[PDB]
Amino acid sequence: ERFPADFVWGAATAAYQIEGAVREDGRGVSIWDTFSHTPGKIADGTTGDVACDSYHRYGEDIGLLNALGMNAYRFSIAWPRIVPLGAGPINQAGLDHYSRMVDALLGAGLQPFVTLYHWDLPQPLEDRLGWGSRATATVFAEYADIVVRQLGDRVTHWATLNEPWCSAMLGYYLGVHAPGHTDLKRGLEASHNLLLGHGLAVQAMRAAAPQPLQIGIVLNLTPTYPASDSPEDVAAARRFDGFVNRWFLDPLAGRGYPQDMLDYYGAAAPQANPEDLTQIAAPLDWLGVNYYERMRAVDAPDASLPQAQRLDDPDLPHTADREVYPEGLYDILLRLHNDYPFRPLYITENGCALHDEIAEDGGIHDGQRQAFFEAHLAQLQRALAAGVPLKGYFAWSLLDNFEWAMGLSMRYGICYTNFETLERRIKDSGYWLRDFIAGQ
């Protein structure tokens, strides 16, 4: 029934998805500015140029967090505002903005949980191969140092990267996210340099920190289940599990890259000398789990890598874009608790998209999103009962925002955003979360 008294209850955003003000106060160009302004890349012709205008309206966002009774806010810092050239001088005006934001959050009793990298790589670094270059890992660590020196007197909880699998595989292999390349070797090289940048940044942040910090990384994880017990289907499930989950979990845990995936990738695998792997395994103080769906895998030898296709379950509920399987959150947390060394754990992203509209009465009656939260929170109680060291939960997202290649057309907020007027309104699910948290 009851969560621990000191549990962290928050909502989460990312800078490019909400901030707007893309040319203000010295901000440089990110890969997502370039990508969203490329014809045909965004489903609805929108960009993040304005988004929720949270660069100017973060006070309203704080008012929403307060109205919801949250005690934490997970947000990201835009590297293009801090080091507009990617590698080069700092932009003090960008640091001052986030310093004021942090003070406003603390004044409201909200603990900041800061993500350093949520996909907005400075374009000048992509012009020099982006995450395909080891140099980008080095300058990411320099950026991390700069930010912790100025904000680490007030922010204790930091994550280096959000979802490196997406940055590497969607951005460099499948081409659906910025920068939009379509080359497997590039994607795997990017995955290595992202992990190396994480490891270098952890060490840089600890040396620059004015006080002890709690440093983590945030991974999207997908529990995978074979469609049958045949050797082919079980092997497909293992391959998909390696492709998404173990490729990142194992090196972070000091276990190297998984050998079965190295064999499967062959010559496309990155060159990883042991010195890099030692750096990648820098000790972490927590791990963030982003959880949305499961994968029920069937062998697909004709399909592209990793030759495993999803077996849709038409009996399960579906949102605007995903299948709902709350029990997979329990499964993945138990697996992490039993099989990997990371603890404590936070749920850093959990939420769903729906075709939300404002009803005649003025509210947003998003019953499926309420049911989504209720079902996933029940699985967290089961995980806690099993001894999983869970310390907090962040709903994705505080407000409807720019959903990457889907644009403004895919609403994940617990608050509704009118993109024409920038008004925010709490959805029914947000009031349910408020009242549930108040009961705790």
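One rule holds for the numbers: they count along the sequence shown, beginning at 1.
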item: 104 to 112 versus 254 to 262 - greater average Cα B-factor per the deposited record; value: 254 to 262
item: Entry-level comparison of average CA B-factors, 308 to 316 and 85 to 93, reporting the higher stretch; value: 308 to 316
item: Selection by C-alpha B-factor (highest) of 321, 241, 349, 366; value: 321
item: Maximum C-alpha temperature factor, selected from 74, 118, 355, 198; value: 355
item: Third of the chain, ranked by Cα B-factor, where residue 421 sits; value: highest
item: Residue 79 - Cα temperature factor, lowest/middle/highest third of chain; value: lowest
item: Chain-wide C-alpha B factor ranking for residue 220, given as lowest, middle or highest third; value: lowest
item: Lowest, middle or highest third - CA B-factor, residue 290; value: lowest
item: Residue 148 CA temperature factor, ranked by third within the chain; value: middle
